6 protein chains.
Amino acid sequence: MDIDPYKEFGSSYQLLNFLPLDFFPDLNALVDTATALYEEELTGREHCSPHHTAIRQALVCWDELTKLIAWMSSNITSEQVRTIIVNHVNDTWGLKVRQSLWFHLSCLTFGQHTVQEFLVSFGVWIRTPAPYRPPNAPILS
Amino acid sequence: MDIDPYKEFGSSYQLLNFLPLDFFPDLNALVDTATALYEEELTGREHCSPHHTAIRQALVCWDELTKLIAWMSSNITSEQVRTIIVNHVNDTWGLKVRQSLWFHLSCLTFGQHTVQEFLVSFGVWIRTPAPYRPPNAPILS
Amino acid sequence: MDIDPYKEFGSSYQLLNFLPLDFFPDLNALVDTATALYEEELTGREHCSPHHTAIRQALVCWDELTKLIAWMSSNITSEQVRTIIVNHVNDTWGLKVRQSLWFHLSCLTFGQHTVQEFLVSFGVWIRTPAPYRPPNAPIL
Amino acid sequence: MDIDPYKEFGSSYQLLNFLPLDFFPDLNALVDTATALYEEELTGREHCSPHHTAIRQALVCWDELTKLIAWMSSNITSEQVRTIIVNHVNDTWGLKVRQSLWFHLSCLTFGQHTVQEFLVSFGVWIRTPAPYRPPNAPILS
Amino acid sequence: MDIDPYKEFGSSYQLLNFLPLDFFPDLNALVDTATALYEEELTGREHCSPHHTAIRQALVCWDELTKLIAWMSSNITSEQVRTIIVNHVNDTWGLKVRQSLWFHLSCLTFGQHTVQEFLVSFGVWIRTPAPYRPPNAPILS
Amino acid sequence: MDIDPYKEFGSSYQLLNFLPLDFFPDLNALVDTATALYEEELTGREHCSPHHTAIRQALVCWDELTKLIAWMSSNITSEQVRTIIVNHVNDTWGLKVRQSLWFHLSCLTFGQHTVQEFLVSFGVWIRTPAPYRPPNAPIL
């Protein structure tokens, strides 16, 4: 079916649809961020809050995606077909991963309630036109 | 008569007359904002605080306005008359809708008391001349 | 998404669609109706029951259309160009206003529990044809 | 200032003008009604309920107008000139007198609150279209 | 004599002499600001905190000033003399009014203690040279 | 909007308009009046009763006009140009000041309850013509 992976977390696609598609950080820095904090936590045994659980599936989504890119480049795809696929998966797959990892790692670093206020207040910022808008877009703290 | 739709909400036209006519967000992002948060709340049964009620009339004002634009464009108006009407209703009708939806959706996301301080403090910002004024115009949080 | 303006109030727009055009009083009656009756109630400071509030939203919504027809008549429109626009917006837009004005005024005068049983019984009257209904419609 | 006298009477000046203007009876019949009912109270010493008092003021108001109409008619004014004025003062002042005298004579003969409910019921009756209506106009008991 | 109108309010001319003469808002927006909030409060009966009282004399100072400008322009002054007077009163009279109204309307919107910290901290900002100074000059909140 | 400077104080500007020009003492008296009487009261630090405060506003308002007439005399104005401006602003602007200075000083000397009954009774004196009033106006 068509479930929302943020539905139990008090969010949706529509809350993330406040965010533009260029706000998100790139993957490797987000990869290194959870590596900096939560490597023993994600590889541990503790069943701690299911934001932990969602990252575990998220990296597995990313890890076999890297082998998938490494497979089709090394074996099958010619150079014209390959660059169209690599551009497409970075704009479709990893974008959802950038939807995924950015969400939960914010919540492990700030809690759930900080995230919920963050998405709405940024939406107020992005709905404001170019005049009458502060150049400080709101961020985390 | 000539009632003020913010009179019970501790506000008026004059409090919104602090705000310039270009501060307001555009409609669709404001439409998607309440869609992101309050779609089940506005379509529900709960009689919760009449800021809920005001949005319900506000979208009905917007929804038949879209059919009105779709009617007269498809049927009656020639191209010279049509663009004058579309420009006029966006500057008169939806401007009041941008007065409407921006008010209450701020209150559902921040409370009444946050809104009241916000309108006055922005007025202090806009009455300040171009020197001696911070480029951070005040926003919500 | 769509918003039913009667959804939380124990009603529906589809319930309101069993009302013919001849049932509703016109606009200038209902403007005067809220004028003489609830003048202190609409201008009041208070968080009164939301049937007040929908009326408070509807009138401000209505006054834009008075501004609209006075604008384009003097500014752009010809006779027959204005004629089809004004008559259609009278019969589609303001009819919904004539629905909503008629609704909440009776809810503030008789309570919405009385309103529902009125409209259902008027339904069952108008759900039947004329040779199988009393010739006087339900009132009160 | 421009006061409305009905405000202390548990009513308003807008309640008077909600009725159709033909409804207010002819004034010569209105004078005789208070004569047939209230001649002892309108001439007595008594401070009785101040809807008594306004009746006294209106008849003092009305007679000097009738003296004024009898003044300029017999003395100075040309006949097509006076006819515009005499028509106007009946349509303007006497209508207010018909607003005045009908309100209080209903109030003394039927109570304060019953007249208030009478304005609502007869008012919403005539605003209602002819089908889907109570078949006869409401009147007093 | 030479009293200070802020002496009872814990301030002076010297505290306002921290503020440059261009920081102040223009009159009409300040006029509309108190109109937006305090129109029933200033025209009421309540003897509430004498910051209320000071605005009442301040607008009377402004109101007969407008009639004074409207008098001498319409009657007496030729065009060369008039523009020198209008420039002079805007830089002397209304500047004191901009000293006046900006002070109290800040206090009705933020309290006394917020104002006192505001004047000193802005003085620290304005005494700081052009390097080593944040472009966010401090404002109200 | 307009602000009545006597509105909260149980008075009105329309009440003050029953006072002729000859009733009020002039400016330099009332400047000296607040000088000798309430010198510590006007220069004081305290949140004294707002009849102090209106006097505290009025004098600072007044001192701009002394700055104004000393400015344009030496700077721009001719004789008859200055003559009509100064005399009119003496009789329209400062008369309102001569109203307000006379008002709050008596309120600090006798209390505003005494002030109202003084002004009403002086009204009823001046509301009647001279052949139907005592030839001495009310005092105290």
# chains A, B, ... in the order shown; residues from 1 in each chain; ligands from 1

$ calpha_fit_rmsd --fixed "chain D" --moving "chain A"
0.9 Å

$ interface_residues --of "chain A" --to "chain B" --cutoff "10 Å" --atoms "only C-alpha atoms" --output "PyMOL selection string"
chain A and resi 10-18+117-118+120-138

$ write_last_selection --atoms "N, CA and C atoms" --output "mmCIF file, in the first residue's frame"
data_model
loop_
_atom_site.group_PDB
_atom_site.id
_atom_site.type_symbol
_atom_site.label_atom_id
_atom_site.label_comp_id
_atom_site.auth_asym_id
_atom_site.auth_seq_id
_atom_site.Cartn_x
_atom_site.Cartn_y
_atom_site.Cartn_z
ATOM 1 N N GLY A 10 4.201 11.598 14.136
ATOM 2 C CA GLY A 10 3.545 12.887 14.144
ATOM 3 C C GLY A 10 3.880 13.746 12.949
ATOM 4 N N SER A 11 4.231 13.132 11.825
ATOM 5 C CA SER A 11 4.571 13.902 10.640
ATOM 6 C C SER A 11 4.049 13.202 9.397
ATOM 7 N N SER A 12 4.332 13.790 8.241
ATOM 8 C CA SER A 12 3.885 13.226 6.980
ATOM 9 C C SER A 12 4.839 13.657 5.886
ATOM 10 N N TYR A 13 4.494 13.283 4.658
ATOM 11 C CA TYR A 13 5.159 13.852 3.497
ATOM 12 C C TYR A 13 4.886 15.342 3.405
ATOM 13 N N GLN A 14 3.662 15.742 3.756
ATOM 14 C CA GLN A 14 3.235 17.123 3.589
ATOM 15 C C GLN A 14 3.991 18.057 4.516
ATOM 16 N N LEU A 15 4.334 17.581 5.711
ATOM 17 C CA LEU A 15 5.180 18.369 6.593
ATOM 18 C C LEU A 15 6.577 18.508 6.012
ATOM 19 N N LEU A 16 7.062 17.466 5.339
ATOM 20 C CA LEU A 16 8.351 17.574 4.674
ATOM 21 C C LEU A 16 8.225 18.308 3.353
ATOM 22 N N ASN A 17 7.011 18.431 2.832
ATOM 23 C CA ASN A 17 6.820 19.216 1.623
ATOM 24 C C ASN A 17 6.907 20.713 1.870
ATOM 25 N N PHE A 18 6.950 21.144 3.131
ATOM 26 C CA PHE A 18 7.398 22.493 3.441
ATOM 27 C C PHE A 18 8.843 22.697 3.023
ATOM 28 N N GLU A 117 8.103 21.574 15.891
ATOM 29 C CA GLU A 117 8.088 23.027 15.809
ATOM 30 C C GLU A 117 8.984 23.513 14.684
ATOM 31 N N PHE A 118 10.019 22.740 14.359
ATOM 32 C CA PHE A 118 10.981 23.181 13.362
ATOM 33 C C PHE A 118 10.385 23.159 11.967
ATOM 34 N N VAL A 120 7.200 23.467 11.055
ATOM 35 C CA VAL A 120 6.150 24.451 10.848
ATOM 36 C C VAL A 120 6.749 25.840 10.718
ATOM 37 N N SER A 121 7.700 26.166 11.593
ATOM 38 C CA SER A 121 8.274 27.505 11.618
ATOM 39 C C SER A 121 9.112 27.771 10.379
ATOM 40 N N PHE A 122 9.745 26.731 9.839
ATOM 41 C CA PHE A 122 10.446 26.891 8.574
ATOM 42 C C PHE A 122 9.462 27.123 7.445
ATOM 43 N N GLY A 123 8.279 26.513 7.543
ATOM 44 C CA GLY A 123 7.257 26.731 6.536
ATOM 45 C C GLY A 123 6.764 28.162 6.527
ATOM 46 N N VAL A 124 6.696 28.778 7.709
ATOM 47 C CA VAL A 124 6.359 30.193 7.796
ATOM 48 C C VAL A 124 7.448 31.027 7.141
ATOM 49 N N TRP A 125 8.700 30.592 7.278
ATOM 50 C CA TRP A 125 9.803 31.315 6.663
ATOM 51 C C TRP A 125 9.759 31.189 5.148
ATOM 52 N N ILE A 126 9.452 29.995 4.645
ATOM 53 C CA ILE A 126 9.525 29.789 3.208
ATOM 54 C C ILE A 126 8.286 30.333 2.514
ATOM 55 N N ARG A 127 7.182 30.487 3.239
ATOM 56 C CA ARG A 127 6.012 31.112 2.645
ATOM 57 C C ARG A 127 6.097 32.626 2.648
ATOM 58 N N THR A 128 7.025 33.184 3.385
ATOM 59 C CA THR A 128 7.235 34.615 3.378
ATOM 60 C C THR A 128 7.949 35.008 2.096
ATOM 61 N N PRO A 129 7.527 36.079 1.422
ATOM 62 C CA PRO A 129 8.220 36.517 0.200
ATOM 63 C C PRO A 129 9.632 37.017 0.469
ATOM 64 N N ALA A 130 10.318 37.387 -0.611
ATOM 65 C CA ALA A 130 11.715 37.800 -0.489
ATOM 66 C C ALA A 130 11.915 39.119 0.263
ATOM 67 N N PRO A 131 11.110 40.176 0.088
ATOM 68 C CA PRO A 131 11.133 41.228 1.108
ATOM 69 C C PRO A 131 10.348 40.778 2.322
ATOM 70 N N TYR A 132 10.545 41.503 3.425
ATOM 71 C CA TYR A 132 9.920 41.261 4.723
ATOM 72 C C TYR A 132 10.262 39.882 5.265
ATOM 73 N N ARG A 133 11.436 39.365 4.934
ATOM 74 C CA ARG A 133 11.851 38.064 5.419
ATOM 75 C C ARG A 133 13.260 38.169 5.972
ATOM 76 N N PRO A 134 13.514 37.632 7.158
ATOM 77 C CA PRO A 134 14.860 37.667 7.701
ATOM 78 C C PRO A 134 15.764 36.720 6.946
ATOM 79 N N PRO A 135 17.015 37.109 6.700
ATOM 80 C CA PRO A 135 17.964 36.207 6.042
ATOM 81 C C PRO A 135 18.384 35.036 6.910
ATOM 82 N N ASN A 136 18.147 35.106 8.211
ATOM 83 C CA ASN A 136 18.347 33.965 9.086
ATOM 84 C C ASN A 136 17.156 33.033 8.951
ATOM 85 N N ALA A 137 17.287 32.035 8.092
ATOM 86 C CA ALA A 137 16.313 30.962 8.101
ATOM 87 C C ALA A 137 16.499 30.153 9.375
ATOM 88 N N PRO A 138 15.418 29.680 9.985
ATOM 89 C CA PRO A 138 15.538 29.009 11.284
ATOM 90 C C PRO A 138 16.223 27.658 11.171
#

$ select_by_dssp --residues "chain D" --states "alpha helix (DSSP H)" --output "JSON, numbers by chain"
{"D": [13, 14, 15, 16, 17, 27, 28, 29, 30, 31, 32, 33, 34, 35, 36, 37, 38, 39, 40, 41, 42, 43, 51, 52, 53, 54, 55, 56, 57, 58, 59, 60, 61, 62, 63, 64, 65, 66, 67, 68, 69, 70, 71, 72, 73, 74, 75, 79, 80, 81, 82, 83, 84, 85, 86, 87, 88, 89, 95, 96, 97, 98, 99, 100, 101, 102, 103, 104, 105, 106, 107, 108, 109, 110, 112, 113, 114, 115, 116, 117, 118, 119, 120, 121, 122, 123, 124, 125, 126, 127]}

$ residues_around --residues "residue 42 of chain C" --least-positions-apart "6" --cutoff "12 Å" --atoms "only C-alpha atoms" --output "NGL selection string"
(:B and (1-8)) or (:C and (33-36 or 48-60 or 105 or 108))

$ write_last_selection --atoms "N, CA, C and O atoms" --output "mmCIF file, in the first residue's frame"
data_model
loop_
_atom_site.group_PDB
_atom_site.id
_atom_site.type_symbol
_atom_site.label_atom_id
_atom_site.label_comp_id
_atom_site.auth_asym_id
_atom_site.auth_seq_id
_atom_site.Cartn_x
_atom_site.Cartn_y
_atom_site.Cartn_z
ATOM 1 N N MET B 1 -23.756 44.680 8.229
ATOM 2 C CA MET B 1 -22.970 45.752 8.824
ATOM 3 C C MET B 1 -21.475 45.624 8.532
ATOM 4 O O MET B 1 -21.076 45.040 7.528
ATOM 5 N N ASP B 2 -20.651 46.185 9.414
ATOM 6 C CA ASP B 2 -19.226 46.337 9.157
ATOM 7 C C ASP B 2 -18.385 45.782 10.301
ATOM 8 O O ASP B 2 -17.497 46.470 10.814
ATOM 9 N N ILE B 3 -18.664 44.547 10.707
ATOM 10 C CA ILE B 3 -17.970 43.932 11.829
ATOM 11 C C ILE B 3 -16.531 43.618 11.448
ATOM 12 O O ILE B 3 -16.184 43.493 10.269
ATOM 13 N N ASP B 4 -15.692 43.483 12.466
ATOM 14 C CA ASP B 4 -14.316 43.049 12.296
ATOM 15 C C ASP B 4 -14.182 41.575 12.639
ATOM 16 O O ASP B 4 -14.547 41.168 13.751
ATOM 17 N N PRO B 5 -13.629 40.754 11.749
ATOM 18 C CA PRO B 5 -13.570 39.309 12.001
ATOM 19 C C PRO B 5 -12.469 38.894 12.961
ATOM 20 O O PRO B 5 -12.256 37.695 13.156
ATOM 21 N N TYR B 6 -11.770 39.851 13.550
ATOM 22 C CA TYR B 6 -10.725 39.585 14.516
ATOM 23 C C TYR B 6 -11.078 40.169 15.869
ATOM 24 O O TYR B 6 -10.269 40.095 16.800
ATOM 25 N N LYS B 7 -12.279 40.745 15.974
ATOM 26 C CA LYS B 7 -12.709 41.475 17.159
ATOM 27 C C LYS B 7 -12.791 40.572 18.377
ATOM 28 O O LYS B 7 -12.378 40.962 19.474
ATOM 29 N N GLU B 8 -13.305 39.355 18.208
ATOM 30 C CA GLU B 8 -13.318 38.427 19.329
ATOM 31 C C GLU B 8 -11.941 37.848 19.588
ATOM 32 O O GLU B 8 -11.699 37.295 20.662
ATOM 33 N N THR C 33 -31.305 40.882 8.692
ATOM 34 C CA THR C 33 -31.668 39.958 9.758
ATOM 35 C C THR C 33 -30.597 39.930 10.829
ATOM 36 O O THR C 33 -30.890 40.045 12.022
ATOM 37 N N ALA C 34 -29.338 39.828 10.414
ATOM 38 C CA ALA C 34 -28.244 39.893 11.371
ATOM 39 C C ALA C 34 -28.072 41.305 11.905
ATOM 40 O O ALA C 34 -27.489 41.505 12.978
ATOM 41 N N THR C 35 -28.571 42.297 11.167
ATOM 42 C CA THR C 35 -28.414 43.683 11.581
ATOM 43 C C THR C 35 -29.243 43.982 12.817
ATOM 44 O O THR C 35 -28.712 44.394 13.854
ATOM 45 N N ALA C 36 -30.552 43.763 12.728
ATOM 46 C CA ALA C 36 -31.429 44.126 13.833
ATOM 47 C C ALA C 36 -31.303 43.147 14.988
ATOM 48 O O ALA C 36 -31.383 43.545 16.155
ATOM 49 N N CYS C 48 -18.065 34.026 21.523
ATOM 50 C CA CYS C 48 -19.395 33.432 21.507
ATOM 51 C C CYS C 48 -19.378 32.152 20.672
ATOM 52 O O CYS C 48 -18.392 31.896 19.965
ATOM 53 N N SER C 49 -20.443 31.348 20.755
ATOM 54 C CA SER C 49 -20.543 30.037 20.130
ATOM 55 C C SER C 49 -20.348 30.159 18.627
ATOM 56 O O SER C 49 -20.797 31.136 18.026
ATOM 57 N N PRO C 50 -19.669 29.185 18.002
ATOM 58 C CA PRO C 50 -19.111 29.407 16.652
ATOM 59 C C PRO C 50 -20.132 29.668 15.556
ATOM 60 O O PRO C 50 -19.746 30.060 14.448
ATOM 61 N N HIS C 51 -21.421 29.482 15.841
ATOM 62 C CA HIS C 51 -22.463 29.943 14.937
ATOM 63 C C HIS C 51 -22.439 31.459 14.802
ATOM 64 O O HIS C 51 -22.804 31.999 13.754
ATOM 65 N N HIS C 52 -22.029 32.162 15.861
ATOM 66 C CA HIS C 52 -21.691 33.574 15.719
ATOM 67 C C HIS C 52 -20.530 33.741 14.757
ATOM 68 O O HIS C 52 -20.559 34.592 13.861
ATOM 69 N N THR C 53 -19.506 32.907 14.932
ATOM 70 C CA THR C 53 -18.218 33.123 14.289
ATOM 71 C C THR C 53 -18.312 32.899 12.791
ATOM 72 O O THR C 53 -17.703 33.631 12.001
ATOM 73 N N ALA C 54 -19.099 31.905 12.382
ATOM 74 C CA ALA C 54 -19.302 31.662 10.962
ATOM 75 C C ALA C 54 -20.052 32.814 10.314
ATOM 76 O O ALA C 54 -19.771 33.179 9.167
ATOM 77 N N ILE C 55 -20.994 33.411 11.044
ATOM 78 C CA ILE C 55 -21.653 34.620 10.565
ATOM 79 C C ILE C 55 -20.654 35.761 10.498
ATOM 80 O O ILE C 55 -20.647 36.552 9.545
ATOM 81 N N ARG C 56 -19.753 35.823 11.482
ATOM 82 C CA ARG C 56 -18.705 36.837 11.478
ATOM 83 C C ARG C 56 -17.744 36.638 10.315
ATOM 84 O O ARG C 56 -17.177 37.604 9.795
ATOM 85 N N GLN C 57 -17.569 35.396 9.874
ATOM 86 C CA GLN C 57 -16.738 35.164 8.703
ATOM 87 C C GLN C 57 -17.507 35.432 7.420
ATOM 88 O O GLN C 57 -16.934 35.910 6.435
ATOM 89 N N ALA C 58 -18.807 35.136 7.414
ATOM 90 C CA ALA C 58 -19.556 35.161 6.165
ATOM 91 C C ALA C 58 -19.819 36.583 5.699
ATOM 92 O O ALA C 58 -19.829 36.856 4.494
ATOM 93 N N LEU C 59 -20.036 37.499 6.639
ATOM 94 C CA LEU C 59 -20.362 38.867 6.263
ATOM 95 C C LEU C 59 -19.150 39.578 5.685
ATOM 96 O O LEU C 59 -19.265 40.315 4.699
ATOM 97 N N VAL C 60 -17.979 39.354 6.285
ATOM 98 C CA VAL C 60 -16.738 39.925 5.769
ATOM 99 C C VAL C 60 -16.415 39.317 4.413
ATOM 100 O O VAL C 60 -15.946 40.000 3.494
ATOM 101 N N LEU C 105 -28.121 31.537 11.717
ATOM 102 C CA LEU C 105 -29.085 32.413 12.371
ATOM 103 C C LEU C 105 -30.167 31.610 13.066
ATOM 104 O O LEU C 105 -30.562 31.935 14.191
ATOM 105 N N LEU C 108 -28.646 30.044 16.113
ATOM 106 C CA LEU C 108 -28.605 30.957 17.245
ATOM 107 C C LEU C 108 -29.997 31.321 17.719
ATOM 108 O O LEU C 108 -30.154 31.899 18.800
#

$ atom_distance --atom1 "atom CA of residue 75 of chain F" --atom2 "atom CA of residue 98 of chain F"
27.7 Å

$ residues_around --residues "residue 140 of chain F" --least-positions-apart "5" --cutoff "10 Å" --atoms "only C-alpha atoms" --output "list in words"
residues 110, 114, 115 and 118 of chain F

$ closest_residue --among "B:56, B:82, B:51, B:104" --to "chain C" --atoms "only C-alpha atoms"
B:56

$ residues_around --residues "segment 94-96 of chain A" --least-positions-apart "3" --cutoff "9 Å" --atoms "only C-alpha atoms" --output "number ranges by chain"
A: 21, 24, 26-27, 62, 65, 89-91, 99-101

$ closest_atom_pairs --of "chain B" --to "chain C" --cutoff "7 Å" --atoms "only C-alpha atoms" --output "Markdown table"
| residue | atom | partner | partner_atom | distance |
| --- | --- | --- | --- | --- |
| B:1 | CA | C:35 | CA | 6.4 |
| B:3 | CA | C:43 | CA | 5.6 |
| B:5 | CA | C:56 | CA | 5.7 |
| B:7 | CA | C:45 | CA | 5.6 |
| B:8 | CA | C:45 | CA | 4.5 |
| B:42 | CA | C:3 | CA | 6.8 |
| B:43 | CA | C:3 | CA | 5.9 |
| B:44 | CA | C:8 | CA | 6.2 |
| B:45 | CA | C:8 | CA | 3.9 |
| B:46 | CA | C:8 | CA | 6.0 |
| B:47 | CA | C:8 | CA | 6.3 |
| B:50 | CA | C:50 | CA | 6.1 |
| B:53 | CA | C:50 | CA | 6.7 |
| B:54 | CA | C:57 | CA | 6.5 |
| B:56 | CA | C:5 | CA | 6.0 |
| B:57 | CA | C:57 | CA | 6.4 |
| B:59 | CA | C:3 | CA | 6.9 |
| B:60 | CA | C:3 | CA | 6.8 |
| B:61 | CA | C:61 | CA | 6.9 |
| B:64 | CA | C:93 | CA | 6.8 |
| B:81 | CA | C:76 | CA | 6.9 |
| B:93 | CA | C:64 | CA | 6.5 |

$ closest_atom_pairs --of "segment 7-98 of chain F" --to "segment 119-124 of chain F" --cutoff "10 Å" --atoms "only C-alpha atoms" --output "JSON lines"
{"residue": "F:11", "atom": "CA", "partner": "F:119", "partner_atom": "CA", "distance": 9.4}
{"residue": "F:15", "atom": "CA", "partner": "F:119", "partner_atom": "CA", "distance": 7.7}
{"residue": "F:16", "atom": "CA", "partner": "F:119", "partner_atom": "CA", "distance": 8.1}
{"residue": "F:17", "atom": "CA", "partner": "F:123", "partner_atom": "CA", "distance": 9.7}
{"residue": "F:18", "atom": "CA", "partner": "F:123", "partner_atom": "CA", "distance": 6.4}
{"residue": "F:19", "atom": "CA", "partner": "F:123", "partner_atom": "CA", "distance": 8.2}

$ atom_distance --atom1 "atom CA of residue 52 of chain E" --atom2 "atom CA of residue 108 of chain E"
7.9 Å

$ atom_distance --atom1 "atom CA of residue 24 of chain C" --atom2 "atom CA of residue 107 of chain C"
15.4 Å
